[PDB]
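Q: as they sit in the full assembly, here are the leading chains:
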Amino acid sequence: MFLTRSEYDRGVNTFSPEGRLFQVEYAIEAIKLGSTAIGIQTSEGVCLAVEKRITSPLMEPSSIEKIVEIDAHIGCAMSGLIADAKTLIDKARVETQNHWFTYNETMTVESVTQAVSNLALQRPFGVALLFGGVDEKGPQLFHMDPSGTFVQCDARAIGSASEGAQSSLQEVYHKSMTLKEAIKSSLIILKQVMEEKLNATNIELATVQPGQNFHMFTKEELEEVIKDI
């Protein structure tokens, strides 16, 4: 409400007397104000759900994609402008193929998230990314912060209402959750933040399963899932 400014805030590369870097903290918070994205990781599969928020009927819905395929086994959900994450998504895609050429093998999600973090370190970066894929360990989900910290999350929500979604996610999530149950829960949580009827344009749903590659649900496939709710 009322302004609460301190001399050491907004100092760029200057440590505050406490030792915190305030300008970096403010930048990271602004980055996390994008559209809500929910990822839940289950033994059966990892599911990523995002809100498209298309402005006009004329616009083609496919052109706005918040879920992208880094590789057959890895997919990324982003909150905020696609343009901000374009360089980071490209780095991950180039690294996954560069790794394949050098070692003739798939790159684990943790190694892929570390490479994107290294680019972010080499500077806030302006995006929060959820990387979900099935690797040698199994189905795995990682969260990348605008700061560049990466942690494995059983269930994570990034975006404007992430804090509320995360509390809802905590109560619903259980280790034995099936992929079909996870899809329903993430969409139910997404509906609560959106406060809008779920439709194919409103939400984009993608899943990576151990046998299957990255799959983005088609309009008909999403419609069946939303109707069951």
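A: Okay, I see it. Numbering: from 1, shown residues only, chains lettered A, B, ... in the order given.
Q: would you mark the buried spots in the host helix or strand of residue A:26?
A: Using DSSP states H and E, residue A:26 sits in helix A:22-31. Using 16 or more other C-beta atoms under 10 Å as the test for burial, helix A:22-31 gives A:22, A:27-28, A:31. For every residue, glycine as well, the C-beta is placed using N, CA and C.
Q: alpha carbons of that helix, as PDB, please.
A: Coordinates of each C-alpha in helix A:22-31 appear next as PDB, following Å, rounded to 0.1, in the frame of the first residue of the first chain:
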ATOM      1  CA  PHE A  22      17.600  -6.600  -3.100                       C
ATOM      2  CA  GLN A  23      17.400  -5.600  -6.800                       C
ATOM      3  CA  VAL A  24      17.800  -9.200  -7.800                       C
ATOM      4  CA  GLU A  25      15.000 -10.300  -5.400                       C
ATOM      5  CA  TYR A  26      12.600  -7.700  -6.900                       C
ATOM      6  CA  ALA A  27      13.400  -8.800 -10.400                       C
ATOM      7  CA  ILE A  28      12.800 -12.500  -9.600                       C
ATOM      8  CA  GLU A  29       9.300 -11.700  -8.100                       C
ATOM      9  CA  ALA A  30       8.200  -9.800 -11.200                       C
ATOM     10  CA  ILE A  31       9.200 -12.700 -13.400                       C
END
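Q: now for chain B, put it on the one above:
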Amino acid sequence: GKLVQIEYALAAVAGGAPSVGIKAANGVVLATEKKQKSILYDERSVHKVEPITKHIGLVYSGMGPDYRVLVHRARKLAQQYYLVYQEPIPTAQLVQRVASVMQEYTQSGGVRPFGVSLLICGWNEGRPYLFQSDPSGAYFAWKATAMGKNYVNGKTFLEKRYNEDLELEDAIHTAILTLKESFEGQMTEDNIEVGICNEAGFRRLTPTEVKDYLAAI
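A: Following on from the chains above, chain B is added here:
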């Protein structure tokens, strides 16, 4: 601000010692005041009027260390043209090149503009040439000019004295008169430095030659 820095640089030139240039049909005369502050200073050690090439010479009003940087660049530019075209550089060409260097210092950041205004005399194609270059990098062609303290008063005095057809000898006398108007004390051969440009080329008048001209006046 770069433009304000140029105005401030012009002020330093105005505070500088008076210098006079007169262009006559057979030659250009460049004259400057060189009053040593003390009897201790050696008059012959440093020269305000310097040759750039056989036919080109320059004088300045303003900061002397800044003037030296320009004279080295001007001498280099003259040599670079001579190597490529095997002919003495046209004076107008040299002034354009010298002006560009001054513009570079004003445009760049972290460097102050030069505080010296240059009067350049040259003889090419049997025609006398006199030019003035500003810290801004602007150059103008002048039949007669005065720079430094009391430049405005000196320029008006030049207007009455200057005649379109004048011999160099007469031009030297009026140039000395212009310096005399703003000279605080007695003028002596050591006190004033005079340089003449003619078909022969730029030469600094020897103190003995200056003494003769002063006696006539």
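Q: the buried residues of helix A:22-31 again please, this time with chain B.
A: A:22, A:27-28, A:31 (16 or more other C-beta atoms under 10 Å in any protein chain shown).
Q: now swap in stretch B:152-165 and tell me
A: For stretch B:152-165, by 16+ other C-beta under 10 Å, it's B:154-155, B:157-158, B:161-162.
Q: again with stretch B:71-81
A: B:71, B:73-75, B:77-78, B:81.
Q: please name the residues that touch the residue nearest to residue A:228 when sequence neighbours are not counted.
A: Of all residues beyond its chain neighbours, the one nearest residue A:228 is residue A:184 (6.9 Å), with distances taken as C-beta to C-beta, 6 or more residues apart in numbering or on different chains. Going by C-beta atoms under 8 Å, 6 or more residues apart in numbering or on different chains, residue A:184 touches A:225, A:228-229.
Q: which of those has the most neighbours?
A: residue A:225 (17 neighbours; other C-beta atoms under 10 Å in any protein chain shown).
Q: if I pick the residue nearest to that residue when sequence neighbours are not counted, what's in contact with it?
A: With sequence-adjacent residues excluded and distances taken as C-beta to C-beta, 6+ apart, residue A:225 is closest to residue A:183, at 5.8 Å. Applying C-beta under 8 Å, 6+ apart to residue A:183 gives the contacts A:47, A:49, A:205, A:207, A:225.
Q: now for residue A:121: which residues touch it?
A: residue A:148.
Q: ok, now chain C:
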Amino acid sequence: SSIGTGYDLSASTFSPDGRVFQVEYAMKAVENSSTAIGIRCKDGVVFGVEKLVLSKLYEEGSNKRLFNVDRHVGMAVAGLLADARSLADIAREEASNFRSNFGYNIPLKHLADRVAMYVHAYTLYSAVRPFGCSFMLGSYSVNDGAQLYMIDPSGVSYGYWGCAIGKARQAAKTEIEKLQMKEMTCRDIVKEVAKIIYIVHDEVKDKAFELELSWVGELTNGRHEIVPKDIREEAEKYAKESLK
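A: So that you can see how it sits with the rest, here is chain C on the chains above:
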């Protein structure tokens, strides 16, 4: 009082008075540091420093303020240790370059001048802050006798028969002045240096200190080395008895 003009902010600025404040401020950092004492004897130079032990948890020999910058030359430092360690690295490099290019050990007086110029370079530019350390370089050779030089944050280097850098610089200097370094051998000097360090140290202000002693001399065959522990223990016993 305090100056808000901003003349004191950079070492690329001169105050209207004519002084570069940043070099003066850096010297104050050396003054707020444990005293380091160097005394030059006919045989050679002995350096003694009081190294405050901040914590019992730290191992002995941590945060050494005595460094070997060459086989024949050793350095005693005061002020910020990290800056002093950086200066030691430059001094070792200059000595290595001199040996490779000219084929002989760098003469102390030339090492001091080369290092002093590097410290001076920091004092003239906006981007780099002046060094916050002052050091004494000491060496001995048959051709050139014991040499002691002190370089300040400004970069002025002079040769001293006796020198002190730190909080008790004046107190140490007065104690060194009442001595006959020119006619005294190095072994006698070590006992005196320990005595001077004990007197300068303030127990109430600084709870604990470890005396670090190094010498380069005819006895060490022109090699900078820590004074042997047995000799150091004897000197400490003499110093403690003298303080009583």
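Q: the contacts of residue A:184 again please, this time with chain C.
A: So residue A:184 contacts A:225, A:228-229 (C-beta under 8 Å, 6+ apart).
Q: follow-up on the earlier one: give the next helix or strand downstream of the helix holding residue A:26.
A: strand A:37-41.
Q: what pairs with that next one, parallel or antiparallel?
A: strand A:46-51 (antiparallel), strand A:155-158 (antiparallel) (DSSP bridges).
Q: contact partners of it?
A: Identification of contacts with strand A:37-41 by C-beta under 8 Å, 6+ apart yields A:46-51, A:66, A:77-79, A:130, A:132, A:139-141, A:143, A:153-159, A:165, A:169, A:173, A:177, A:182, A:185-186, A:189-190.
Q: try stretch C:77-95
A: C:26, C:29-30, C:33-36, C:49, C:63, C:65-67, C:69-70, C:73, C:75, C:105-106, C:111, C:114-115, C:118-119, C:131-135, C:137, C:153, C:165-166.
Q: go with 6 Å
A: The contact list for stretch C:77-95 (C-beta atoms under 6 Å, 6 or more residues apart in numbering or on different chains) reads C:29-30, C:33, C:36, C:63, C:65, C:67, C:69-70, C:75, C:106, C:111, C:114-115, C:118, C:131-135, C:165-166.
Q: quick one: the strands paired with strand A:37-41 as JSON lines, columns for mean neighbour count and distance to residue A:5 too.
A: Below are the strands paired with strand A:37-41 laid out as JSON lines (neighbours: other C-beta atoms under 10 Å in any protein chain shown; distance: least, C-beta to C-beta, whole Å):
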{"stretch": "strand A:46-51", "mean neighbour count": "29", "distance to residue A:5": "33"}
{"stretch": "strand A:155-158", "mean neighbour count": "26", "distance to residue A:5": "28"}
